[PDB]
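K.L.:
Can you keep this structure in mind? I'll have questions shortly.
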Amino acid sequence: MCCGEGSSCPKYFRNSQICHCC
């Protein structure tokens with residue numbers, strides 16, 4: 001699950017990575 005192409009943004013919920021950026 002990528003949340004952003006050309007981006008280095010992973011999303012965390014509390015402390016759980018819910019996605020990363022592509």
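In the structure tokens, chains take letters A, B, ... by order of appearance, with residues numbered from 1 within each chain and ligands from 1 in the order shown.
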Pick out the residues sitting within 12 Å of residue 6 in chain A, and hand them over as a list in words; count only C-alpha atoms, and ignore anything fewer than 2 positions along from it in its own chain.

P.N.:
residues 2, 3, 4, 8, 9, 20, 21 and 22 of chain A

K.L.:
Write a file of the just-selected residues containing C-alpha atoms, as a compact mmCIF listing (two decimals), in the first residue's frame.

P.N.:
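File result-v6.txt, as written:
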```txt
# COMPACT_ATOMS: atom_id res chain seq x y z
CA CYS A 2 1.67 3.13 -1.30
CA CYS A 3 0.23 6.44 -0.15
CA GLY A 4 2.20 8.67 -2.50
CA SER A 8 8.80 9.06 1.14
CA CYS A 9 5.78 9.39 3.42
CA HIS A 20 4.28 3.78 2.96
CA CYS A 21 4.80 6.12 0.06
CA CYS A 22 6.02 4.90 -3.30
```

K.L.:
So that I can check the secondary structure, give me every residue of chain A assigned strand (DSSP E or B) by backbone DSSP, as a PyMOL selection string.

P.N.:
chain A and resi 2+11-13+16-20

K.L.:
Got time to write the residues from that selection, N, CA, C and O atoms, as a PDB file, in the first residue's frame?

P.N.:
```pdb
ATOM      1  N   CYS A   2       0.981   1.863  -1.165  1.00  0.00           N
ATOM      2  CA  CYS A   2       1.669   3.132  -1.300  1.00  0.00           C
ATOM      3  C   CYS A   2       0.692   4.291  -1.178  1.00  0.00           C
ATOM      4  O   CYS A   2      -0.379   4.279  -1.778  1.00  0.00           O
ATOM      5  N   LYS A  11       2.633   6.273   6.667  1.00  0.00           N
ATOM      6  CA  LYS A  11       1.635   6.681   7.626  1.00  0.00           C
ATOM      7  C   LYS A  11       1.592   5.686   8.765  1.00  0.00           C
ATOM      8  O   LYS A  11       1.651   4.477   8.541  1.00  0.00           O
ATOM      9  N   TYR A  12       1.516   6.187   9.981  1.00  0.00           N
ATOM     10  CA  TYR A  12       1.404   5.328  11.140  1.00  0.00           C
ATOM     11  C   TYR A  12       0.138   5.634  11.906  1.00  0.00           C
ATOM     12  O   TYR A  12      -0.273   6.788  12.021  1.00  0.00           O
ATOM     13  N   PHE A  13      -0.472   4.590  12.415  1.00  0.00           N
ATOM     14  CA  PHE A  13      -1.619   4.713  13.278  1.00  0.00           C
ATOM     15  C   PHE A  13      -1.171   4.358  14.677  1.00  0.00           C
ATOM     16  O   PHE A  13      -0.876   3.194  14.955  1.00  0.00           O
ATOM     17  N   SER A  16       1.715   2.016  14.432  1.00  0.00           N
ATOM     18  CA  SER A  16       1.620   0.940  13.462  1.00  0.00           C
ATOM     19  C   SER A  16       1.639   1.510  12.055  1.00  0.00           C
ATOM     20  O   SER A  16       0.766   2.298  11.694  1.00  0.00           O
ATOM     21  N   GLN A  17       2.643   1.141  11.270  1.00  0.00           N
ATOM     22  CA  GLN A  17       2.723   1.614   9.897  1.00  0.00           C
ATOM     23  C   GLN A  17       1.555   1.051   9.101  1.00  0.00           C
ATOM     24  O   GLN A  17       1.419  -0.164   8.954  1.00  0.00           O
ATOM     25  N   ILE A  18       0.710   1.935   8.607  1.00  0.00           N
ATOM     26  CA  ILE A  18      -0.477   1.527   7.877  1.00  0.00           C
ATOM     27  C   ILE A  18      -0.263   1.624   6.376  1.00  0.00           C
ATOM     28  O   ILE A  18      -1.025   1.057   5.594  1.00  0.00           O
ATOM     29  N   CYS A  19       0.783   2.332   5.983  1.00  0.00           N
ATOM     30  CA  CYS A  19       1.186   2.386   4.592  1.00  0.00           C
ATOM     31  C   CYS A  19       2.503   3.125   4.462  1.00  0.00           C
ATOM     32  O   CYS A  19       2.988   3.730   5.418  1.00  0.00           O
ATOM     33  N   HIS A  20       3.061   3.071   3.276  1.00  0.00           N
ATOM     34  CA  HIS A  20       4.280   3.780   2.955  1.00  0.00           C
ATOM     35  C   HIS A  20       4.066   4.491   1.645  1.00  0.00           C
ATOM     36  O   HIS A  20       3.126   4.182   0.927  1.00  0.00           O
TER      37      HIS A  20
END
```
